[PDB]
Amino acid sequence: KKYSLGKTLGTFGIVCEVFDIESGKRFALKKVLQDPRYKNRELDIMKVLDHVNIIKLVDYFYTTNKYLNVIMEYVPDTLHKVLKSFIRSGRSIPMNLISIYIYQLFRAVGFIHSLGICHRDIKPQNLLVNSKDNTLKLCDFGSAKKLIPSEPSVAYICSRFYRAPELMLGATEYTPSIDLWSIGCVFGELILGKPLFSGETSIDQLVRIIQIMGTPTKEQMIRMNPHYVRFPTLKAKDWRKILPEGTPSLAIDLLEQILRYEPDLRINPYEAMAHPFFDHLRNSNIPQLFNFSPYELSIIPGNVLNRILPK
């Protein structure tokens, strides 16, 4: 009764736009089929995400088959729709804007990773954008999990475009580092205007990665998955020959630092925020970039913080 129903946004349930009958405000409703016997993992993660670049939990309740109704913060557009529109119009997303989106993405992921939480399905359909601010917010934690580093996961993550290579190799001991590969993939697509690594199967997807970044060495295979083994030998290619003809060197340098085979070697989110590619954001439309919460300040290293911040 408290929420009047709006447009369906996407379909174990459905996602709608709803309105608070009392305040007038607009929120997002996720209605999922659910037994009040068991916990809901997604609700349980939501409950802990209090960050400016992450979608906030507002309310939740049960209904009538029994359903859990999660009411969340709303943002009016997805990076998927923005990206498709630029292609449609015939032009490239300005690099200045790409940097704005990608910085905020890094900030979000930095925050969930300081809690051991991994998203596992970062994609442009999951990156909410505000046209008026250029604010970006990470949503949908239906596929997320708190990784317990002393404990093995089962390899059951299948998806196009954005999986880390270690997931394609059936890794059992993957880490939140997987998200960092996704960011890289999003970042590249934004630049190129189409995804980096297509393919319907894991083999297909692996081959495409190899085709661009070269065959992984043995040391690289172990570090991705020590439980797994031979491909043909292909040399790495230069991103400057893959990406479109205008692409800034700083953009490619950061990209090189993200898309590494060795999960442990991928750039740290706060490190990436301190990367010269964001130097023009530090030199003062722009949303909030430097309003760190007292939690974030407790977590960012002092060397790093000083390089992230403006003079």
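Numbering starts at 1 and runs along the sequence shown.
Where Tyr228 is followed by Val229 in the displayed chain, the model omits 1 to 3 of the deposited residues that sit between the two. As listed in the deposited structure, the average C-alpha B-factor of 200-208 and of 82-90 is greater for 200-208.
The PDB entry assigns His280 a C-alpha temperature factor belonging to the highest third of its chain's modelled residues. When the modelled residues of the chain are ordered by their C-alpha B factor, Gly142 lands in the lowest third. For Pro36, the recorded CA temperature factor ranks within the highest third of the chain's modelled residues. Among the modelled residues of its chain, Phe27 has a C-alpha B-factor that falls in the lowest third, as given in the PDB entry. In the deposited entry, the Cα temperature factor of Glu262 sits in the bottom third of values across the chain's modelled residues.
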